[PDB]
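Values below: every heavy atom of this structure, side chains too, minus hydrogens, waters and symmetry copies. Every number for a ligand or one of its atoms is a count from 1 in the order of the listing. In what follows, every chain begins at residue 1, and chains take the letters A, B, ... in the order their sequences are listed.
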Amino acid sequence: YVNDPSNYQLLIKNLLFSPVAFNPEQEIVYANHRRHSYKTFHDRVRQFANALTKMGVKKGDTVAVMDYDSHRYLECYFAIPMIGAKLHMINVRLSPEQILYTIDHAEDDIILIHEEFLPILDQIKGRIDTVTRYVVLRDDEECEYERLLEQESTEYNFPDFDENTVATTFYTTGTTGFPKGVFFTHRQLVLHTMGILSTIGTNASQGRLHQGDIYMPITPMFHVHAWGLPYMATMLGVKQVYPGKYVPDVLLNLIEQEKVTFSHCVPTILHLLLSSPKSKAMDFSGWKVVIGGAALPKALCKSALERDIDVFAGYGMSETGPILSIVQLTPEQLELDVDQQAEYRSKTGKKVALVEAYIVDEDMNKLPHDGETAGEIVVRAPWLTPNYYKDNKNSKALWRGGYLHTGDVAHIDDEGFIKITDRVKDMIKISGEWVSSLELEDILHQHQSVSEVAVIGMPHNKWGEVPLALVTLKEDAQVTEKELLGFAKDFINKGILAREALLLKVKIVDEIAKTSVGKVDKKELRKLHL
Amino acid sequence: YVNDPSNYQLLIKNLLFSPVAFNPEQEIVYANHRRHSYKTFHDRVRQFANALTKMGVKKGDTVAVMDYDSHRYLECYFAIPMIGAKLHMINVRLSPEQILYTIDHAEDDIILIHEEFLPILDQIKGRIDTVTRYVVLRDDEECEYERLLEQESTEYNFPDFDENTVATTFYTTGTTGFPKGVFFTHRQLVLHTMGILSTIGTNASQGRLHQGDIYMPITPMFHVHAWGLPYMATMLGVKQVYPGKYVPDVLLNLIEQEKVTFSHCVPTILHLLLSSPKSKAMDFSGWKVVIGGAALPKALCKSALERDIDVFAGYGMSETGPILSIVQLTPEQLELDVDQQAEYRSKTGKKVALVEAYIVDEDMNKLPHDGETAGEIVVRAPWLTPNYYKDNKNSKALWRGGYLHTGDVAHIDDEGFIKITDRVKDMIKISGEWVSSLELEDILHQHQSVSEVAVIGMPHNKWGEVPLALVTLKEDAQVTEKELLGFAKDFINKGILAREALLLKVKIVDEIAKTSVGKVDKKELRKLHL
Amino acid sequence: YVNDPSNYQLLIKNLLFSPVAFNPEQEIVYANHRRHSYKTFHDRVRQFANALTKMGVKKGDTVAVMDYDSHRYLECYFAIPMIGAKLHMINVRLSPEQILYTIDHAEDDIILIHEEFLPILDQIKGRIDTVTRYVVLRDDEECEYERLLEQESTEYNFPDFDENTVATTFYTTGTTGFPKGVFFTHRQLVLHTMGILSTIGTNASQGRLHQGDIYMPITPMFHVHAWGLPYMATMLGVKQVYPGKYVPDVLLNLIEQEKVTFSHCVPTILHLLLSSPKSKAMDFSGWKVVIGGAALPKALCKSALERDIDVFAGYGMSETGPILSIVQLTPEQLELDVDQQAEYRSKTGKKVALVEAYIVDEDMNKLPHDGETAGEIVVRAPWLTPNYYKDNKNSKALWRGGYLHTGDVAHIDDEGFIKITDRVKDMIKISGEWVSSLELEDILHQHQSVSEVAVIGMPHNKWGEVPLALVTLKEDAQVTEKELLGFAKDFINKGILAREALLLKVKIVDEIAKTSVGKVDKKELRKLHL
Ligand SMILES: CCOC(=O)CCCCCC(=O)O
Ligand SMILES: CCOC(=O)CCCCCC(=O)O
Ligand SMILES: CCOC(=O)CCCCCC(=O)O
């Protein structure tokens, strides 16, 4: 590469070595296992670069990582991209067949796998034809990564290359038959860091990620760059605490002892943290958590607010950087009571800097932003995956019409507040209207003998596709379909046919189809019940 | 241009239309003349684009502006670059010959000139062969810019083009025989906005530019993008107050009435504001001002701190975006008293995000950062001018060795605090050492009968070039050279020959050479006295 | 495409329309279902081209076929490539997961699937995101392919394009974790047809494929172009009989009634044909069959020769066209008795025209052709796949050293007769020698109480990897390991340690691991027993 030093390239090495702030004595904390300074972090990054060069990793190679949230993962976020290699973050919660597919598809040269994921590897190791070295990561002194690092020097001259060099890749399991590979360049990751820092750093009072914060991720680092927060935290020079495997008591103790002020987690993790007995005697004031993985329930947001937590929701996916929207409250909105601002904080949010977002119909016609008209969110941003790796048709569908299709149906307020109703594929189309399949679950979850409600769509002759629904009975509650039909009729404020009670045909089923993640597989339900 | 919508281009139109925050009812205030909303600002930008297209301005054209800090200037910052034209900001404080040279060199198609600068134009209008239209700007209803805008629609589809398209240009008068043209692309300006917002937005407590601030520039908008603050303020959606011609009482009244919280000015303007009688009864709490044009005197910083002003210094030049360094205080540093933190706030500062800065010698060898060793600052940043317009040799010298040469001699602390001593060309070289020419002025300004001290260098046989110095007498003070020599001998803590008093040969001169800006011309002094 | 009519392109349309011979009244026979002439075949090809164009198939598209050996498959061999689309031949004997993987990997636009493979599709249809149309093939009048053809005209102007346009693709399941996609261009298929016709057409007496032959495939058409024989048979204008699903009695009746003279089959099919009661009263004189799928057993060859069948072996794989070697007998070799020429006819064969074949070691050093030294066959030919589709590392290994690696270990006679011992991956390496794992099975299959013998390799300390072996007991035969060890000791003519009986450790196991194809999975045995 001819650098042309006046021609600046946006590289992750500039995030590491040209940060907003750098304190060499600032700590990088890995739970209760390890604790070193930012100077040591910088040295270990150089040592890892040396070790990767010694292992034969060249520019364009793929180094896969199977690890928890650790200092090693943070070092992989930097050293692997900075030497010109693509960092492949393996979703360890995927099935071993899916993990093997992603490894074969990405053609990883070396896999950095934690010793606890070795049972996963043993099922698929024989069918891996592309990995020349396995580095086993451990939290003790026997870690092979640590041994590889300590035999190398802390000096490395990181190359300059094109900013459009692919730095990271990972696979998404969406609505395809196989996981879809999304990838991001150095420029895209640098721009994501800068844009999100400009968006949430410049907050007046609420929801700030600033240089005095203490960062602890509670979303996996094999997900979408952990929502880009490790890069932003490194560029801000803040204290970074990595918890390893997510144990709610361990996370609570880390928050208390390390004084964690900024985190990101999914609603399930936040609920587990808030419901833990250890959290009752915990001072959660000063802890800010953004909820982006799934929709943030208003009740969970209200409970977190009652615990004095600055809780707000964000939006993104594997294809989008991820961050496209974050909930940002005006000073007038922070004067509202807990119930009123729990609605605001649980919203999808407003589009972040440099992101243009529209809601369109099936013909890519932009719909008005009035808070009622709903359509698919389509986005343009500096950190979107241009396509799917080794894919043409799914890639063409993803960028149909000149915009990235998120697959989410939403309405946008006049003020710009996005609110997602449900997915495009999980849409109920009746005659000439589309109704969400998610609010029906909340409507039918209000009974005293309902546990889990799942809504699916199947065709009917006169009314087209109509929604079916699934519930489970309680103890000594042998209520038939008639009782649940009457309960659905007992609600109010419903449109179309009377009160949306003419073809509910609710059915009770003992077994509810759940995926390994924790969300119901709607396509599996469609295949099973039809 | 083939947009390739997945290939995101960093454009100023994305700063306007994809901001961090947008409040359509947020106000853009032009002193006491005009006041409209951000929606009206957006419409006027589209109207200006329509008017420029009607005038024949195409992509690659140059629209020059001769104006004060106004809403019109803010609209020129956006509409002219966004249609693909280069915005030429004319330094109205330059001599008419210099302004004419810059107009001829840039080959401006249309000049937007305020009616108060018409006397300047009348001296050079006949020698302008490249301008096809003059638009006269007025603060009344007779403004030609306003008339051109109101005859156009508020609808415009701004083009997509390459992000390396040149957006802005202006001319610097440094150490060359003619003004030097520096230029910046859309990508560079967008990156400057994002980087400075990430740097100062993410401040914990002190020196924040956030979404709740109220912005009023007090540095000219024909300077280096007004230090990029209009772009950042627009991207943050904050209330923007533009004062027009800088009158200290008008500025103070605007700060009081509009509740200005963020500003940028030079030390002279800050001194004029602090010394004005109207400022005594003014509550300056909540007003943050960054001082970047010249070195911030510690006494002025101390007085501003006594007025409860969050005053801090920044560093930059026409070639560098401008911002390279900003003073950022740790929470421990904010606990110091006024005198201790006046030293910190008056420092050059720490390099901002994405900026790598080094101090080198004449052979481009990097010097240690120890706070004592001094060398020329050399920088790499995403917003540096690649060269000088229509210049080769000065451009080669500017980027010699692969780094941009700032022309400033400085030392850098271990913590990264840069402190500039003086200029490279204004350097005193004796035998084997370099001594600053600026601290000598402060040393010799301590007498009771000295008004202005200027230090210049001229060769001597045994000791090489040695420093001469110039002072003026006071009323009924006919002190000869012997008294001032004794006063210089009366100091302490000086190195080299005894106490740096063997060849001072201080001379009194009635006339002190001052340029139009207000700084002494050292080359003019060299020519006059030798 | 600019044809440049003087610049001849080798296209499959030239195989169809510029053949060696064309009889418009020559018959294309599909078992007992359908029977039409070559003129009707030509018309149906044009009709299929019209139907594919109407369906939206463009140049570069992929049309997948899931069918038996039929006239429809023959028409797919021509019409799909000739319009510029890639014909994807789906191995219907693969597991539904593997078939789904290949469909997703090839990104097929339309699948032509026989109604009997619909149960396979129903398991994987939901996970196919790339197929826009399914055409169901039937042997009755309700076939959707027939209906699509009869609504189109028999006129089509087939395009001229580059001869390096990919015409066919299919997936190989070898020693990789996923099926490997090999592809071939129009030029490669035309050259394969010409080369094999020049090789076996120019035979003096034995093993001829000439213009008077009657062709019936007994190898699947989803395999390697059915060994290219449909193309050669069409180019020769000979009567082509397609049997559909392989039923031995149906195949025998077709051979008798249609007077089939040339066929190709695997040893299993030949054994089923020879052992069928219906074949005893069958005149097999004039029937020539080439055996290429697996090694031809000498006993099966001897039995076929006793049935007066011109039986000879060929060699090839999915990557190689397939044909690389065919057994060709000199007139002196045809004077030998049945036993002597059964050895010759069951050999791998001599390399066909335009094929250069070498045996090399692990360092790609060519070994002498002496009939004893064994190494991996490496080939260069005009019809080799250049790489694997969407694969880099496996593709690099396949063409390592500048030659295609077949994965087969063989020795070559001085006369050029290749004889394959076993596979490269199925190699037993002891100290400094390599011994085949296939002749040991025949050695240990000579007992009166052994059914199936499989030899696998596992490490030992002193002697390196050593061979283990697996057998099953017979009725009222409770022989222990000692008896089988004594039987192995009872043989003769063995090298190394005494008589290759010191660490046999033969073990009996009730369950023998067999894949769906019929061959033992050696890697599965390695995983299970270790
Ligand atoms: C503002 C932060 O919130 C986000 O970016 C949400 C990203 C979720 C991506 C999908 C997943 O990992 O499940
Ligand atoms: C951090 C803000 O301070 C600056 O960027 C200083 C820029 C001064 C440029 C030279 C001039 O206009 O006189
Ligand atoms: C001369 C004809 O013999 C061949 O070409 C053998 C080809 C076998 C390919 C592998 C398979 O399909 O199992």
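For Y215(A) and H264(A), the ring centers sit closer than 6.0 Å to each other. Aromatic ring centroids of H225(A) and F170(A) lie under 6.0 Å apart.
Evaluation of the side chain to side chain contact (heavy atoms under 4.5 Å, CB included) rule for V311(A) yields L270(A), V289(A), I291(A), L296(A), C301(A), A304(A), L305(A), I309(A) as partners, not counting sequence neighbours.
Screening residues 310-322 of chain A for salt bridge (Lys or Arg N to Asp or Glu O under 4.0 Å) gives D310(A)-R345(A) as the qualifying pairs, with residues at least two apart or on separate chains.
The nearest heavy-atom contact from the protein to atom 6 (C) of ligand 1 is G292(A) O, 3.3 Å. When hydrogens are left out, the protein atom nearest atom 11 (C) of ligand 1 is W227(A) NE1, 4.4 Å; that is the closest non-hydrogen contact. Among all protein heavy atoms, the one lying closest to atom 9 (C) of ligand 1 is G316(A) O, 3.4 Å.
For ligand 3, the atoms closer than 4.0 angstrom to any heavy atom of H223(C) are 12 (O). Every atom of ligand 3 is numbered from 1 in the order shown, and the set under 4.0 Å from a heavy atom of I326(C) is 1 (C). Contact atoms of ligand 1 toward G314(A): 1 (C), 3 (O) (distance under 4.0 Å to a heavy atom of the residue).
Considering only non-hydrogen atoms, atom 5 (O) of ligand 1 lies nearest to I323(A) out of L324(A), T348(A), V224(A), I323(A).
A donor-acceptor pair shorter than 3.5 Å cannot be found between the side chains of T320(A) and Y315(A). Side-chain contact of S318(B) with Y171(B): a donor-acceptor pair under 3.5 Å is absent, judged by distance alone.
Note on ligand 1: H264(A) sits outside its first shell, no heavy atom being nearer than 4.0 Å.
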